[PDB]
Structures are given as C-alpha cells and as structure tokens.
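Following: one structure in structure tokens, then a few remarks.
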Amino acid sequence: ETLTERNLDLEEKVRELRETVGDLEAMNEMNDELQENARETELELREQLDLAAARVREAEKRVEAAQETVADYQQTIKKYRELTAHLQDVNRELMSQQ
Amino acid sequence: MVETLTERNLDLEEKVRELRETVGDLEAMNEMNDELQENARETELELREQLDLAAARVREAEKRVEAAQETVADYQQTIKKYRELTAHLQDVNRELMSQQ
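Chains A and B supply the protein sequences, listed in that same order. For the first sequence, UniProt numbering gives the first residue as 434, with consecutive numbering after it. For the second sequence, UniProt numbering gives the first residue as 432, with consecutive numbering after it.
Below, the structure written as structure tokens:
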C-alpha cells in the first residue's frame, strides 16, 4: 500500500518535470527564432558597413586629389606673380630707355 | 502486488532520472543562448557605432571637397587674369623692343 503512496508521488514528479521540459523547450524554440533574425540583421549590417567603408575613401581620396590640385594652383599663381613682376621691371626699364 | 509493483516503482525512478538530466541539458542550452544574445547585442551595437563613424567621416570629407572645389574656381579666375595680363605685357614689350 505504501509503495503505492510513493508511486503516486512519483507520477506527479514526472508530470511536473514533463511540464517544465515543455516550457524550457518552448522558450528555447522562441529564442532560436530571435537569434535567427539577429543573425540576418547582422549580416545586413555587415553589408551596409562594407558599402560605407568603400564610400569613405572613395571620398577621402577625392579630398586628397582636390587638396593637391589647390596646392598646384597656389604654385602656379606664385609663379605668375613672379613673372608679371619681372615683365613690369623690364617694361619699366624699357620705357626709361626711350 | 508488492513484487510486480516494485517493478513499476523502479521504472519510475528511472523516468525521473532521465527527465532531470534532460532538464539539465535544457537549462544549459538556455544558458548558452543567453551568452549568444549578449554577444549579439554588443556586436550589433559595435557595428552601429562603426556605421555612424563612417557616415560622419564621409559627410565631413565631402564638404572638405566642396571647400576646395570652390577655392579652386577662385584660383582659376585669378590665374585666367594673370595670363591675360602677362600676354598684354608681352605685347607691349615686344612692340617697344622693335621700336628701338
């Protein structure tokens, strides 16, 4: 009769555990779905990041180009102003010789 | 049946052992996911940072470009004028030289 008390006690514990396993499974299942979506969102980001990383010196090169092109012009100017001076000196000197 | 019934009891003691183990594994699996979720969230955030940094770097450089492009146009004009002038002086000097 006792063995029966102990036996019924156990049939409960099984029912209890089966329920708990069901919940754990379900919870784990649900998280897996989220984790799936997280993995794809990341993969998306990584793609967007590579596009931007490209755009960044596609641009930081364009900047260098221009910055060089200006320095070139400052030199070209610096030279024209030397030249013009020089031609003025010559002209002036020619005029006095008249 | 205190012989045929201890059989039933022994049967059950196994089922609990089996289930306890299973739960253990489920717990550990769950734990594992928690670790993944934390890494995911931090890696996602790290990326979002990196994206904003780049987006900034781009806009900034693209305006540095625009600055120069303006500065250059100014210089082209200044040059265009010096070139005209230079011509003009040459014409005047050449013509003066022939007259002596």
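Quick reminder that beta carbons are idealized off the backbone N, C-alpha and C, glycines included.
Distance between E473/A and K512/B (C-alpha atoms, nearest Å): 60 Å
Neighbour-count burial assignment, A492/A, 16 or more Cβ in a 10 Å radius: buried
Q531/B, DSSP secondary structure in three states: coil
What three-state label does DSSP hand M432/B in the structure shown? Note: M432/B maps to coil in three-state DSSP.
Anticipated Cβ contact below 8 Å, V454/A with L443/B, distance rounded: Actually they do not touch by this definition, with Cβ atoms about 16 Å apart.
Please tell me whether, using a cut-off of 6 Å, the distance from the CB of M460/A to the nearest non-hydrogen atom of the ligand HEM is below it. The ligand HEM is absent from the structure shown, which contains no ligand whatsoever.
Anything in chain A within Cβ reach of residue 386/B, meaning under 9 Å, just list it in chain order. This structure leaves residue 386/B out entirely; chain B is present only between 432 and 531.
To the nearest angstrom, report how far apart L482/A and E475/B are at their CA atoms. 12 Å
By the criterion of Cβ-Cβ separation under 8 Å, what are the contact partners of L450/B in chain A? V447, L450, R451, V454
Which chain B residues sit within Cβ distance under 8 Å of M460/A? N461
Does the distance from the C-beta atom of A499/A to that of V496/B stay below 7 Å? yes
Chain A contact residues for residue 556/B, given Cβ-Cβ distances below 8 Å: With chain B covering 432 to 531 only, the question about residue 556/B has no answer from this structure.
Could you check whether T509/A and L516/B sit closer than 7 Å to each other, using their CB atoms as the reference points? no
Any beta carbon from chain A within less than 7 Å of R525/B's own beta carbon? no
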